[PDB]
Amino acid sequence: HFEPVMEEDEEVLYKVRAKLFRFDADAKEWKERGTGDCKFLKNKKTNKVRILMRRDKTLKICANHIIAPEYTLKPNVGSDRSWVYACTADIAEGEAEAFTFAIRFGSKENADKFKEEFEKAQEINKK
């Protein structure tokens, strides 16, 4: 005998490339918050689905919040491939915080599928 020399508890329901914006209401300006994979993550011990999004390369969190059933996706005047909605608790940058988000995708097709999956996930969190 010779001797020899934190989303792990979650399931991925949906993954799509996207760019996320935050509305700076004081500047009446949309500001980029991050580009990367947007994930709907279903916790196996609660069945709650959250959005988790990270920036390419740095992998820093740019969105982390429950897909609340009260949220409503609305179109943006300038895009057929984006959704706008208010978020009351996002913890991507520390303390909880409210934001008006916009998320844009590579195609109107990907945008509609996102809304499909976004609504599916809302009733997962509802039930």
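All residue numbers are counted from 1 along the displayed sequence.
- Per the record, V5 and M6 are separated by 10 or more deposited residues that have no coordinates.
- The stretch 93-101 shows the higher mean C-alpha B-factor when 58-66 is compared against 93-101 in the entry.
- Note on 114-122 vs 15-23: mean CA B-factor is higher in 114-122.
- The maximum CA B-factor among the listed residues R81, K39, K45, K74, taken from the PDB record, is found at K45.
- Sorting the modelled residues of the chain by their CA temperature factor places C87 in the middle third.
- Placement of the Cα temperature factor of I51 within the chain: middle third of the modelled residues, per the deposited record.
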